[PDB]
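Worksheet: the structure to be examined is printed underneath.
Chain letters run A, B, ... following the sequence lines, proteins first, then strands; residues in each count from 1. These values consider heavy atoms only, across backbone and side chains, with no hydrogens, waters or symmetry-generated copies.
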Amino acid sequence: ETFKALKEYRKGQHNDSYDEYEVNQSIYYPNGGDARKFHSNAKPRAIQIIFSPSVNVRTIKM
Amino acid sequence: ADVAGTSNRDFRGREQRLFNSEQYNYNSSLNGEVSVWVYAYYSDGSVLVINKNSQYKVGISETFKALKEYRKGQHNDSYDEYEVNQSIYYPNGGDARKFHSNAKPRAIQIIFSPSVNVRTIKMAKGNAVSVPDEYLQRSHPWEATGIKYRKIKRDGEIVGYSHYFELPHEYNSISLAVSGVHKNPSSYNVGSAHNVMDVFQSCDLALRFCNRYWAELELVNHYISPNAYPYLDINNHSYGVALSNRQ
Amino acid sequence: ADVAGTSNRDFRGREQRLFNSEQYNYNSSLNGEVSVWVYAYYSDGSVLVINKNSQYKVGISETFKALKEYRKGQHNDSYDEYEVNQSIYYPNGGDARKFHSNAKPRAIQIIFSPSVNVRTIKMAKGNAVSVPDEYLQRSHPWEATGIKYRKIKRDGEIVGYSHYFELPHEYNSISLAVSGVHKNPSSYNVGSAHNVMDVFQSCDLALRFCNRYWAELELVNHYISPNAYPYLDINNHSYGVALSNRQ
Amino acid sequence: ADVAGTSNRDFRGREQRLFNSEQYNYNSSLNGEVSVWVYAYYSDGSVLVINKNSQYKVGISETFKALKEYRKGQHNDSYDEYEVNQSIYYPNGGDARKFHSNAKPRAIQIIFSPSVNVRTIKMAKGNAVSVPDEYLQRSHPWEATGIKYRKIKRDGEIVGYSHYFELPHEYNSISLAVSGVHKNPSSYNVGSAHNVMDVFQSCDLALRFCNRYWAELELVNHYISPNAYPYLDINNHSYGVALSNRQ
Ligand SMILES: Nc1nc2c(ncn2[C@@H]2O[C@H](COP(=O)(O)OP(=O)(O)OP(=O)(O)O)[C@@H](O)[C@H]2O)c(=O)[nH]1
Ligand SMILES: Nc1nc2c(ncn2[C@@H]2O[C@H](COP(=O)(O)OP(=O)(O)OP(=O)(O)O)[C@@H](O)[C@H]2O)c(=O)[nH]1
Ligand SMILES: Nc1nc2c(ncn2[C@@H]2O[C@H](COP(=O)(O)OP(=O)(O)OP(=O)(O)O)[C@@H](O)[C@H]2O)c(=O)[nH]1
Ligand SMILES: Nc1ncnc2c1ncn2[C@@H]1O[C@H](COP(=O)(O)OP(=O)(O)OP(=O)(O)O)[C@@H](O)[C@H]1O
Ligand SMILES: Nc1ncnc2c1ncn2[C@@H]1O[C@H](COP(=O)(O)OP(=O)(O)OP(=O)(O)O)[C@@H](O)[C@H]1O
Ligand SMILES: Nc1ncnc2c1ncn2[C@@H]1O[C@H](COP(=O)(O)OP(=O)(O)OP(=O)(O)O)[C@@H](O)[C@H]1O
Ligand SMILES: Nc1ccn([C@@H]2O[C@H](COP(=O)(O)OP(=O)(O)OP(=O)(O)O)[C@@H](O)[C@H]2O)c(=O)n1
Ligand SMILES: Nc1ccn([C@@H]2O[C@H](COP(=O)(O)OP(=O)(O)OP(=O)(O)O)[C@@H](O)[C@H]2O)c(=O)n1
Ligand SMILES: Nc1ccn([C@@H]2O[C@H](COP(=O)(O)OP(=O)(O)OP(=O)(O)O)[C@@H](O)[C@H]2O)c(=O)n1
Ligand SMILES: Nc1ccn([C@@H]2O[C@H](COP(=O)(O)OP(=O)(O)OP(=O)(O)O)[C@@H](O)[C@H]2O)c(=O)n1
Ligand SMILES: [Cl-]
Ligand SMILES: [Cl-]
Ligand SMILES: [Cl-]
Ligand SMILES: [Mg+2]
Ligand SMILES: [Mg+2]
Ligand SMILES: [Mg+2]
Ligand SMILES: [Mg+2]
Ligand SMILES: [Mg+2]
Ligand SMILES: [Mg+2]
Ligand SMILES: [Mg+2]
């Protein structure tokens, strides 16, 4: 998944989509965008990766 | 004329120093302002400041709601944020579509001007329904929190006082009032019969400011620094201007 | 150990009773809260509550407008309700599309906590333009209405005071302020020189709450009962918790 | 110590040169990335880039639709652009209100990193319904277009490969997939039994990027240059950083 695809998207509700385009331009390059926020709350705060017990843990790659 | 910076007759230097010292000591006379700021920090990096400036005593009181992020001119999920509030006022009382409102403050910094007597500072830190200590019946209307206030320092000088508390837990749902009394080292009570009605007029004359800034950098650059206010940023850096006996 | 509920040595029972009595009497000491609620009832079954909690004295003041129903996050005919207000402030002064705003309160209940002295209660019940008695010139700024306050009772105990008045007529268009002083049976004046500045700080430290609940049942279930507030519902039933000398 | 820039003992210089050469040769080892970019140029000056970065082999596949300009957060005539698509998929199949969608790409540049073997490059340049050569039955799924790829050069060094084709005619309506294999001068097949499952994992591990930049200048300034990517702008200027044996 891309940086964008991981950001919160609320189906059927408002998502500041124009400003969140601006936000992305400023994450892809310092001062590259014209957002109205310092931090997008749409950005993930944490990630958990889980595998099933059928995986060989020594084969996991990130 | 004597050369600059070489004698007791640099009258420009002596006036500069008196000009700064006069402003330090006027602030702290009974003629001067006492000022309080409450900063509500939101998870989006923005900062609501509420400032009140007034003579003798000053305070700020705000409801749980009034402290939540409000973005002027932009969408604020206002219907859902009504639902959200009903669920904060009573467990499972609302019908929101979120677990945590990002409009809720993550931290609060209370700052006072150096004209306050830190021993007079009182905080009413209530629950979401504006009750200081769980039930009204056993609530002392305030706590004297002055002992927790750190000195904001610049150049060896106290430029103000800071109390900072995070609200990082889901139950950190608050209403907030805070009060301080202007320094009075004299035995002239500013609220005794002779001057009490001037204090009632200071209640009316207290000037208020609030605004949401987009970032702490914007607060530092455009709120704090232009006005010579004290501040303590997230990295523990002190902002202010030391005035007492300096040029 | 002695068996529970059979001796003078049930120390769990004695502590329970002291715990409740301590909260009754702390409320009513000069250290405790005095609280006022104004309930605006709307024709749609909803109820605006405004609560203020503070030491020594407490009050609420609201304009004609601030008392009108406002539905957060939903449509409120705001343009027409501007027009409506102009016609309430002066006969035929506006251009509304309704005869009666359903946003206008149908009734008001004023409740005080049992820490109030009912003889200190004062009401400024103004006209729509905030004039207590027809013209400012002959207006006494208040009326001492304490004699009309019924005791809210639970188990033989006063859990608060209620004044209720309907606004069912087309001309019942009001602004409203109400004030009460915390019980002081002592001859220590809380606003004499020794303690006057603490009273000025209680003005700042007074905590406020308001919210519109959808129904009286929701007020009873989720505002009144969770917080141990007194209430008197439309069917004349008293809500509260009797604390003095009980388990 | 020896003076800088005068001897075989400038170890800072030798390390700088090794640091750059190590990055050139790591890219081109079987451990390194191979990267493809497709740039869709629109008549409004904007540029969609789709980048994929992965080990062993890399490619991008996009439908006719996915290549059309989409302006995040702004209006895109989406209903009419549905109608537009129906008329591109079949002559006179839709009910649009335009002859030519300005959302259609005017040109495409395909760039590969210098870790590709140009002889392994394959393009499936289909019609609007995703058929490479008029009908599926006589379609070879790809063309080996490597011979058309120009070297992007900086300082004498190949910083990547470019194939550029305009789409300036009304019938230049395309779907597009493009594929390249990482350089392997060895006789160790990266997809033989010993390493085949790592190649299946590189399919999952391939990282993707896309974004629409407002202008080629913004692509050059904020996409290409910050990341040390190769580029060839409209004026035939080569961008990249020469690394092999330089400081
Ligand atoms: N006091 C002091 N300041 C120094 C020294 N070295 C650099 N400084 C800088 O000089 C600034 C203040 O110097 P001055 O104002 O001229 O000295 P002062 O201590 O205020 O004494 P007076 O101005 O004569 O009353 C400080 O904020 C420092 O950043 C030093 O050794 N002593
Ligand atoms: N006082 C009283 N309560 C009764 C009686 N019958 C039923 N009750 C119930 O019992 C409740 C209170 O009883 P208790 O608290 O045990 O008695 P008390 O009058 O408070 O006396 P103490 O607890 O010993 O101080 C009331 O609220 C009633 O609902 C009765 O005959 N007398
Ligand atoms: N090679 C070369 N570069 C020149 C000359 N004149 C100016 N330059 C500039 O110098 C740059 C590279 O010079 P150097 O890197 O010091 O020389 P080099 O050819 O890389 O040789 P080494 O660094 O010793 O391995 C070029 O990109 C030119 O812009 C010249 O006559 N020969
Ligand atoms: N190098 C120095 N040696 C002695 N005194 C100094 C020196 N630098 C500054 N001072 C003086 O010592 C006093 C304290 O100044 P200083 O700037 O160190 O404190 P501050 O601004 O409150 O805290 P900080 O520098 O730790 O952020 C002032 O009178 C200042 O002019
Ligand atoms: N059956 C009873 N006989 C005698 N005393 C009772 C009885 N029931 C309750 N009491 C006691 O008499 C006092 C009055 O209690 P009670 O519940 O009747 O008043 P209340 O709650 O203020 O009013 P109400 O019951 O009319 O709504 C309390 O001490 C209570 O414990
Ligand atoms: N004036 C020069 N004389 C000789 N060699 C040079 C000169 N300038 C640069 N070089 C060297 O010759 C080689 C080719 O460098 P050059 O910059 O001319 O090629 P380029 O960047 O691929 O193409 P271009 O300059 O035409 O855009 C490099 O080793 C470079 O350092
Ligand atoms: N930096 C920004 C951010 C927003 N906007 C304006 O904000 C308006 C509405 O906000 P938007 O970012 O589009 O989000 P919403 O409309 O609130 O919700 P949604 O994601 O559904 O569009 C847009 O018309 C856009 O022009 C702007 O001019 N400049
Ligand atoms: N629990 C909720 C939350 C929201 N909504 C619907 O969400 C719609 C729009 O969301 P809203 O909460 O009103 O916020 P926005 O419209 O996105 O922005 P604003 O604060 O300006 O209204 C409203 O019509 C409301 O009916 C709802 O039905 N139930
Ligand atoms: N006497 C009136 C009353 C209403 N309107 C028109 O009614 C329209 C919409 O009604 P409004 O009073 O604004 O209420 P709503 O839009 O229904 O809801 P809200 O309070 O959110 O605006 C407004 O544009 C206003 O121009 C009017 O022209 N004259
Ligand atoms: N051939 C077409 C094209 C457009 N429309 C009407 O055009 C209206 C608005 O244009 P639309 O194509 O939806 O684009 P926009 O609304 O301008 O922008 P967006 O892509 O955000 O919807 C739509 O309601 C659609 O019914 C139509 O009836 N027939
Ligand atoms: Cl003074
Ligand atoms: Cl007391
Ligand atoms: Cl290798
Ligand atoms: Mg929707
Ligand atoms: Mg707006
Ligand atoms: Mg310093
Ligand atoms: Mg709404
Ligand atoms: Mg009873
Ligand atoms: Mg938008
Ligand atoms: Mg060159």
Side-chain angles (χ1 to χ4, degrees), chain B residues 36 52 56-66 76-83 85-86 89-94 120-132 134-142 175-181 184 189-193 196 199-200 202-203 206, chain C residues 19-20 22-29 31-35 49-56 58 71-75 113-115 159 182 191-214 218 221-223 225-230 241 243:
Chain B
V36 57
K52 221 190 284 168
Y56 314 115
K57 57 100 204 192
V58 74
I60 291 162
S61 189
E62 299 297 325
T63 68
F64 168 80
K65 194 198 210 272
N76 293 276
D77 264 12
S78 59
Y79 188 76
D80 198 52
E81 288 289 328
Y82 168 84
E83 288 301 351
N85 291 339
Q86 312 312 111
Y89 304 152
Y90 185 74
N92 312 122
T120 72
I121 304 172
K122 306 175 165 33
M123 196 169 68
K125 179 167 103 86
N127 70 3
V129 284
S130 307
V131 172
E134 306 179 343
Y135 295 90
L136 283 179
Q137 284 90 334
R138 72 220 208 188
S139 288
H140 189 226
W142 51 262
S175 46
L176 187 62
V178 62
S179 179
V181 176
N184 191 187
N189 187 333
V190 297
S192 78
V196 64
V199 185
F200 277 113
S202 74
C203 292
Chain C
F19 181 82
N20 300 335
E22 284 162 23
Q23 307 184 265
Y24 193 70
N25 290 277
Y26 193 81
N27 209 359
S28 270
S29 69
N31 294 115
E33 296 271 26
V34 61
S35 296
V49 48
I50 310 180
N51 175 30
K52 221 190 284 168
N53 303 309
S54 184
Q55 201 175 1
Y56 314 115
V58 74
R71 311 191 296 163
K72 286 179 40 40
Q74 282 179 298
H75 281 298
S113 69
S115 53
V159 296
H182 184 300
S192 78
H194 274 220
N195 199 252
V196 64
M197 289 297 312
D198 283 49
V199 185
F200 277 113
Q201 298 203 76
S202 74
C203 292
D204 298 317
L205 287 161
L207 284 180
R208 182 179 189 262
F209 177 80
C210 62
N211 193 48
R212 180 177 72 94
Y213 289 96
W214 286 357
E218 188 180 80
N221 290 346
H222 293 160
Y223 183 67
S225 299
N227 304 124
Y229 298 164
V241 183
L243 295 164

- Item | Closest non-hydrogen atom pair between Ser130(B) and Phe209(C), with its separation | OG-CB, 3.6 Å
- Could you tell me whether the side chain of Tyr79(B) reaches within less than 4.5 Å of the side chain of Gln74(C), counting heavy atoms only? yes
- Message: What I'd like to find out is whether the side chain of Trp142(B) reaches to under 4.5 Å of the side chain of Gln55(C), using heavy atoms alone.
- Response: yes
- Qualifying salt bridge (charged side-chain N to carboxylate O under 4.0 Å, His left out) pairs, either residue in residues 199-208 of chain C, two or more places apart: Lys57(B)-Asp204(C), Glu62(C)-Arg208(C)
- Task: Below 4.5 Å from any heavy atom of chain B, which atoms of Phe19(C) appear? Answer side chain, backbone, both or neither.
- Result: side chain
- Which heavy atom of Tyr135(B) sits nearest a heavy atom of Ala228(C), and at what distance? CD2-CB, 3.9 Å
- Taking every heavy-atom pair that is under 4.5 Å apart, which of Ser179(B), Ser78(B), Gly59(B) has the most such pairs with chain C? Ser179(B)
- Query: Are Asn85(B) and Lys72(C) close enough that some pair of their side-chain heavy atoms sits under 4.5 Å apart?
  - Reply: yes
- Using non-hydrogen atoms and a 4.5 Å limit, figure out which bit of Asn25(C) sits close to chain B: side chain, backbone, both or neither. neither
- Query: Is a side-chain N or O of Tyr82(B) found less than 3.5 angstrom from the main chain of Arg212(C), in a donor-acceptor match?
  - Reply: yes
- Tell me, out of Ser139(B), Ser192(B), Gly93(B), who's got the most heavy-atom pairs with chain C below 4.5 Å. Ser139(B)
- When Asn189(B), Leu136(B), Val199(B) are compared by non-hydrogen pairs under 4.5 Å with chain C, the top option: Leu136(B)
- Task: Could you tell me whether the side chain of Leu207(C) reaches within less than 4.5 Å of the side chain of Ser61(B), counting heavy atoms only?
- Result: yes
- Query: Out of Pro91(B), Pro141(B), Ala128(B), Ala177(B), which one racks up the most heavy-atom pairs below 4.5 Å with chain C?
  - Reply: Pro141(B)
- Pick from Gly32(C), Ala193(C), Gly191(C), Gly73(C): which one has the most heavy-atom pairs with chain B under 4.5 Å? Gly73(C)
- Item | Side-chain heavy atoms of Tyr90(B) within contact of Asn227(C), under 4.5 Å | no
- chain B contact via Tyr229(C) - which portion, at a heavy-atom distance below 4.5 Å: side chain
- Message: Can you tell me which portion of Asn211(C) sits under 4.5 Å from chain B's heavy atoms? Options are side chain, backbone, both or neither.
- Response: side chain
- Residue selection (most heavy-atom pairs with chain C, distance under 4.5 Å) from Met123(B), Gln86(B), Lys52(B), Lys122(B): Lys122(B)
- Results of side-chain hydrogen bond (donor to acceptor under 3.5 Å, both in side chains) for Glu81(B) - residues two or more places apart only: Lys68(B), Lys98(B), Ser101(B)
- Item | Option in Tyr223(C), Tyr26(C), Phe200(C) with maximal non-hydrogen atom pairs under 4.5 Å from chain B | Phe200(C)
- Part of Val196(B) within contact of chain C (heavy atom distance under 4.5 Å): both
- Straight-line distance of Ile60(B) CD1 to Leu205(C) CG, nearest 0.5 Å: 11.5 Å
